[PDB]
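Asks: Chains as they are written, first to last, in the entry's author numbering: chain A, 5 to 67; chain B, 1 to 13, 24 to 69; chain C, 1 to 13, 24 to 69; chain D, 3 to 59; chain E, 3 to 287; chain F, 117 to 230; chain G, 11 to 261; chain H, 11 to 261; chain I, 61 to 238; chain J, 61 to 238. By construction, the Cβ of each residue, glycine as well, lies at the ideal position given by its N, Cα and C atoms.
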Amino acid sequence: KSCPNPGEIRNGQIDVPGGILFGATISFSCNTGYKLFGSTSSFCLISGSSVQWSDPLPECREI
Amino acid sequence: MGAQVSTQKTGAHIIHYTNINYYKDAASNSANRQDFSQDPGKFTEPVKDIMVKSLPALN
Amino acid sequence: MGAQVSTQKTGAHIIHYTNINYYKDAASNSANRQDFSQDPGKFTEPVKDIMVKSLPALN
Amino acid sequence: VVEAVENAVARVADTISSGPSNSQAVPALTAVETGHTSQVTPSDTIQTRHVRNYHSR
Amino acid sequence: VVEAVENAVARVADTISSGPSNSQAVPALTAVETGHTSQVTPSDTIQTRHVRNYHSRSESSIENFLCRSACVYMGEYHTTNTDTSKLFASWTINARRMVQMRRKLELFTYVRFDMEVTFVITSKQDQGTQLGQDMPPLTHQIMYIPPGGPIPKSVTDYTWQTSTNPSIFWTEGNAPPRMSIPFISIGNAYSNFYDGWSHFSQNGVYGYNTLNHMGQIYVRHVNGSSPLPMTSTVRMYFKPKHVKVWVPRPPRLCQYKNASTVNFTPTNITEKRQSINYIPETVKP
Amino acid sequence: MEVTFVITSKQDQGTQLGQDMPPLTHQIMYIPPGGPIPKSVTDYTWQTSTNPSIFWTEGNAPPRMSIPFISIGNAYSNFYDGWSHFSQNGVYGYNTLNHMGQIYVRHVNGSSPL
Amino acid sequence: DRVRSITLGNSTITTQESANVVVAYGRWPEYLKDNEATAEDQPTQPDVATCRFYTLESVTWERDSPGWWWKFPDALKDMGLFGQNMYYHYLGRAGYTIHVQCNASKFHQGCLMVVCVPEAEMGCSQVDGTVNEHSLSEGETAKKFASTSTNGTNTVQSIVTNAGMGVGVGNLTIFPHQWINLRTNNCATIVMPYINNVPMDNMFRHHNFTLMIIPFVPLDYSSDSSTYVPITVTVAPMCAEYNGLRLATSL
Amino acid sequence: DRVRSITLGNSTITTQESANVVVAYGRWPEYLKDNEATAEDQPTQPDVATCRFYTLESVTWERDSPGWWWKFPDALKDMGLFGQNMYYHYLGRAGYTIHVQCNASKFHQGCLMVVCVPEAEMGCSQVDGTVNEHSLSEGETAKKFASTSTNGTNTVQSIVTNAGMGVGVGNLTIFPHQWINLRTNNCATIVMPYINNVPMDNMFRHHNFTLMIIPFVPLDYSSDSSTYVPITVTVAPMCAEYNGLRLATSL
Amino acid sequence: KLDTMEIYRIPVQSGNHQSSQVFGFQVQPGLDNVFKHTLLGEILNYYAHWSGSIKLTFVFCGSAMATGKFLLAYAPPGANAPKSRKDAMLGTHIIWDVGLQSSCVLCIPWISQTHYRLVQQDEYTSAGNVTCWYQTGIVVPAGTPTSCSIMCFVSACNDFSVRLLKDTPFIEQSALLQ
Amino acid sequence: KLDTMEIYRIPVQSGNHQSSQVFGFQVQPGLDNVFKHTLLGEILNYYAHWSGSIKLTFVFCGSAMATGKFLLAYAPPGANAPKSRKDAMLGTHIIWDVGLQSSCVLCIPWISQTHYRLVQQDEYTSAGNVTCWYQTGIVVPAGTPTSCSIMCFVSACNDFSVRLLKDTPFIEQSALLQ
């Protein structure tokens, strides 16, 4: 089973080293010049009636 | 004896040298430093329709 | 002066070299690395009657 | 047996002369949007003298 | 006067096209009981496209295969010793003490060729307490003793006069000493193998040693003794030129034991896998 | 290509210098991809039965030889945007493509007092 | 002079403000001939099912948007009967026709570079690291450059000015390219032969080339011009062979 | 005379006890010509990826075993690039070559009928009822006749003697057929053109024909002859076109 | 079975064994233990590149009254070995009918991108894998044995070639006089 | 602006900016920071002498309704850079009218005494300087942006040549494995 698409952190980046299938983790980063306010990683867990992401997407706010 | 007498590199404004190959393999030869060829239109003008340098590039 | 100008080994997709022998004995020559011949049917098909590759091997 | 090999030297292009111009030929105006590199020798923009050019690439 | 030699290149056979087939021609069904090896090009079993094939079987001819130098003996000898038989090296000639060129030559039963022999002679100063000296360059003599000549008993023998035996003097520091050797045999081909004896009573010595007697080689330091000991090692390299070969044989499987005999220990045919159906799975996320 | 080697020895700095060592000679062996590679300077592999190798005695002109286009593609590919495994993973880029073997250099002479 | 039509397969493209057509190096896509070929068996040549115009989803050119890149193939791997032959076959060969389509009014301004890069080997963000495959290609979803130097493991160093390959982003004019200058044209076409150093090559392993769209001069408009300007990319294979059939790959 | 080889695509069939080759009505498979055609667009003709020998799983001829039937197409719908074009395309056309392979010793005896039936419309078990689709075809798994009259809703009346169509099972010799008499031959080949009343026809809706294998004389053997005698069926399309491409069907 | 003649013969029997795979092995004529000691393999192992196609000839070695049909398939690389005859059916195969002419030749063609292939093969220059399955099965009368044997002979086609001489890893010594 | 795409675009706006100079830069295709990293510059920096003429093509990258005329002038060396359009007017110039054909080519001719010029240029083999000024100005209707951008593409004419190979100063390491 596949979690929904991670998304796109603008002024940032999402690293998915192993897919988005069940139990797959993804990491979040922010470009040079922005601070990362939010979560650092997100896992594909079981959510009620589907599988979705552990943590929501963070924000890269300007330094 | 299997030689070849080609021309040297002289400037513009007794000029022939001699070559003989000794080995059984063309990977043993000299370098081909006297081939000068060009075709810049391959990179300079890589377009389908020609453009004639005195007409508008469009229109 | 008793030379022989043969062809080099080039691939497919200024190639002649020169040989002169200096010694009085053929056991002093180079090696004959440019003879390529074959006859596999000697080992591959050593049979009295021929077999024609599209007929049954028997019958 | 001696063999003569022909080696051609590739000079660069001479400068043809030019004069005044008053015409609808615009050798300067172009459009780089086409991925094409303008061929404007100086003799197209100004008045040049004939120059035999012996340089080689 | 220049002469033009014609050298033809032997490509491998192209792939002729093919199409569907529905006929009584069976190019696949055969009978190996006849000792005959099926000639089924792919264009006989499937649908092929015309392929001009430029490859060449040149580096697999016998001359290209064998005509490469290889070491066939290594021996040491000292400038000074207390044995007087370790002051010179000596050995009977055969290509049979090194496994690589032995096994290489032994895919064929009869091999007839010339050779190009090279020697790589390298001295070292022997480890000791008082090193340090000014010794001049060493020079070496390599004598070939055909079968019958008198063989040396010391490095100061008379035999080293080499009146008729050929011998090479080489002063260390130059290019290695190389010379060329004809087909020096009495048969019509060097017989790598021999299933027979020497005596007619069907006894004696068995196999190769019977046939081939090519004499010995003796190497020595010409200079003289040395204030402090030194030891030199000579390696001999054979390179067969003008090579003709007959009656091929299966390559050796078991490891060699000695240079006299073909004795061996039994080995397995090949190495194992898990099952007979086992192909490893290599397309895996 | 035309390959040249410039081999230059120096005596190592120490307390007791001074010796008479003869000229050093070196062996340069080329190990194509697959051959057995040495484990010491006294290995059997240095017999160089089929691998090409050069012996050069220090003090002469450098050892030079010539090399054909030894490749399996039709051109050496400086770049490569791809992987080795078909699952789109493995090693990325140049290392995938070009495997041309190794080179092993040694002193033929032997050991040295110092 | 500015009108043009490109008919491939059962697909057509009409355009009315085209500049020209870059043919990559003066060279058109062609089939593998008999003397440059290396594989023995007969190739598949579907010719109309695979050599047509496949349209990838479109991206929104914003006022501050660095750029985009796609990797071909592996973008058309889920597109019809190109992305299916491409599965069932080991070896594949094809050229392409890339048509990039971005239209604006006469009160907008901007300038894109549209450039095809052969073997665009890319560089990770941690200098001592290795890219992913996801970090090189998302399929038909474009990857995006960044206006600053990126961080994070396994993700390409995608600051625009270096273009992720370590070169100068203005020298990319050496590759087959066009511009989309919202004052003159509204589409770029590049006809790209099969450039590679082996006759045929696998299609899942090797990203044969990379399409980069990089706005040099950014968008701009005034009082109430249309805020939304999208870019659409269409690719169409040409002279597509495959060879070496077996069961279908999986990723 | 008894040897034969059939080379289609990258596949070959060798045989050494073949009787002959039935060509259905003296007619060989051919392409749709220009004056008998009705669809406007250009057809796909893959020609080597689809016209090869696909082998279906094999059935065990037991001593008391009524028979078997397959439906073509819908048997080759999960076979390679025939079963994929067949998905992505609306209209399809193709003939076939059916090779049935059953070998026994000289101490066994039996006799199969191998018969291709065009439009083998079949009859449900409850006379006032309707078949399923599963009851007509399991894909590559054969359906089986029954030595007695069958019951159950939606399942074809598959007593052998009527062959599920309401006719006499011995008159099936009017259709293109062969026998496999375990004393003479061990394979039957039928070359089957495209028999249908429209030039091209959909491939999921219409079971263009039915292959029935019916043992008239059953197996037998003595003291310890081999108990297991399997039958294997190989089908190979021929002159296969498709037309009308769009997104892939689903069932 | 490595020092037994049994290493040379593939077992085949009569009954409902259609689910079972007869044999299967990678195509690696210089590296696979199945091949590296043949004449083809021992000749290759003196070289570093090899191109061309191969001929594998199978010999049914059972009764004169046993009858069977076999499927012999080659799968160019790109996907795991087939695990069922419905997948092997999709490859480059042949169906061998056992009869008077005992043996049958499966000619592995040359499908590759590189003009050549290493002899020390990796998973870049992989070559594929062959696999064999029953097509109908073995049928024997009463009074003949049920367990038969096949055998497989490897040879090189008329377009094979090897290049880049190297040393063979199969011979080795530990001192002179050997 | 050195790590920004903004480095590539020359700002141009509408209004009475005739007193202001748009841009200006020395002609030093191998040494000037403006040039030394182009294709022309990076190819020159492998050589030591260069002769020939250069083509600088300017691309107006504003609205389809903005209109302006520009003066683009090259001044052979001998006197300080012009500081007013009455001096730039005296050089070797072109007047580029912005219209349908967007871009315009100023071809810097080869005026020199020495047949060649060093790539590491000094004030003996100096080459000049180019400068750009408004001729009439930018005029835009209502509802279009006022701040536009130009861009400049450098290439070598068909009589360019370089000679005396040297090493490039742009690549450098501090140990092997780099």
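Let me confirm a value: residue 1 (chain E) is counted as buried when at least 16 other C-beta atoms fall within 10 Å, else exposed. Which label applies?
Replies: Coverage of chain E is limited to positions 3 through 287, which leaves residue 1 (chain E) absent and any answer about it impossible.
Asks: Output, in chain order, the set of chain H residues within a Cβ distance shorter than 7 Å of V199 (chain I).
Replies: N113, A114, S115, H118, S236, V239
Asks: Between F:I188, F:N225, F:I219, which lies nearest to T174 (chain I) when the distance is taken from Cα to Cα?
Replies: F:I188
Asks: Report the option in J:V179, J:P205, J:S186, J:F213 whose CA atom is closest to the CA atom of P228 (chain G).
Replies: J:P205
Asks: Are the CB atoms of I224 (chain G) and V179 (chain G) within a distance shorter than 8 Å?
Replies: yes
Asks: Alpha carbons only, please: which of G:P39, G:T107, G:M202 is nearest the one belonging to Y64 (chain G)?
Replies: The candidate whose alpha carbon is nearest that of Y64 (chain G) is G:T107.
Asks: Can you list, in chain order, the residues of its chain whose CB lies under 8 Å from that of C121 (chain G), leaving out five sequence neighbours each side?
Replies: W189, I190, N191, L192, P225, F226, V227
Asks: Reducing DSSP to helix, strand and coil, say where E5 (chain D) ends up.
Replies: strand
Asks: Roughly how many angstroms lie between the CA atoms of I231 (chain I) and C73 (chain E), to the nearest whole one?
Replies: Approximately 15 Å, taken between the alpha carbons.
Asks: Given a cut-off of 8 Å, decide if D197 (chain F) and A156 (chain G) are closer than it, judged by their beta-carbon atoms.
Replies: no
Asks: Helix, strand or coil for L42 (chain H), going by three-state DSSP, please let me know.
Replies: coil
Asks: So what does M238 (chain E) bridge to, in DSSP terms?
Replies: E:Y75, E:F121
Asks: For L49 (chain A), count neighbouring C-beta atoms within 10 Å of its own C-beta (all shown protein chains included) and say buried if the count is 16 or more, exposed if not.
Replies: exposed
Asks: If we cut at 8 Å on Cβ distances, does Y106 (chain H) have a partner in chain I?
Replies: no
Asks: Using a Cβ-Cβ cutoff of 9 Å, what residues of the stretch 160-187 of chain J are near chain D? List them in chain order.
Replies: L160, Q161, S162, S163, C164, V165, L166, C167, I168, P169, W170, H175, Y176
Asks: In the DSSP assignment, find the alpha helix (DSSP H) that holds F67 (chain E) and state where it starts and stops.
Replies: 64-68
Asks: Counting along the chain, where does the alpha helix (DSSP H) carrying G101 (chain I) start and finish?
Replies: 99-104
Asks: Just checking: is the beta-carbon of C217 (chain J) within a distance shorter than 8 Å of some beta-carbon in chain D?
Replies: yes
Asks: Should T158 (chain F) be flagged as near chain I, meaning a C-beta pair shorter than 8 Å?
Replies: no
Asks: Decide yes or no for the touch test of the stretch 12-22 of chain D against the stretch 217-224 of chain J: beta carbon pairs closer than 8 Å, at least 3 of them.
Replies: Counting Cβ pairs under 8 Å, three or more are found: they touch.
Asks: Would you list, in sequence order, the uninterrupted alpha helix (DSSP H) runs of no fewer than 4 residues that lie entirely inside the stretch 201-270 of chain E?
Replies: 210-213
Asks: Would you check if the distance between the CB atom of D59 (chain A) and the CB atom of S43 (chain A) is smaller than 8 Å?
Replies: Yes, these two residues count as a Cβ contact at 8 Å.
Asks: Should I18 (chain E) go down as buried or exposed, given a rule of 16 or more other Cβ atoms within 10 Å for buried?
Replies: exposed
Asks: Quick one: list the residues of chain F neighbouring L261 (chain G), beta-carbon separation under 9 Å, in chain order.
Replies: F202, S203, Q204
Asks: So, at 6 Å on beta carbons, what are the nonlocal neighbours of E174 (chain F) in its own chain, with the 5 sequence-adjacent residues on each side left out?
Replies: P139, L140
Asks: Does any residue of chain D have a CB that is nearer than 8 Å to the CB of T127 (chain J)?
Replies: no
Asks: What did DSSP end up calling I67 (chain I) once you bin it into helix, strand or coil?
Replies: helix
Asks: By a C-beta neighbour count over all protein chains shown, 10 Å radius and 16 as the cutoff for buried, is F202 (chain F) buried or exposed?
Replies: buried
Asks: Since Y56 (chain E) and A67 (chain C) are thought to touch, with beta carbons under 8 Å apart, how far apart are those beta carbons, to the nearest angstrom?
Replies: So it is not a contact: roughly 33 Å between Cβ atoms.
Asks: Is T171 (chain H) helix, strand or coil by DSSP?
Replies: helix
Asks: So what does DSSP say about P225 (chain H), is it helix, strand or coil?
Replies: Note: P225 (chain H) maps to strand in three-state DSSP.
Asks: Looking at the structure shown, is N176 (chain E) part of a helix, part of a strand, or coil, going by DSSP?
Replies: coil
Asks: Could you please tell me which residues of the stretch 57-78 of chain H, in chain order, have their CB closer than 7 Å to any CB of chain G?
Replies: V58, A59
Asks: Quick check: the Cα distance between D63 (chain J) and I184 (chain G), rounded to an integer number of angstroms?
Replies: Going by the C-alpha atoms only, they are around 21 Å apart.
Asks: When you compare only the Cα positions, how much space is there between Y134 (chain I) and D74 (chain H)?
Replies: 37 Å
Asks: Counting beta carbon pairs with one atom in the stretch 119-128 of chain I and one in the stretch 190-206 of chain I, are three or more of them shorter than 8 Å?
Replies: yes
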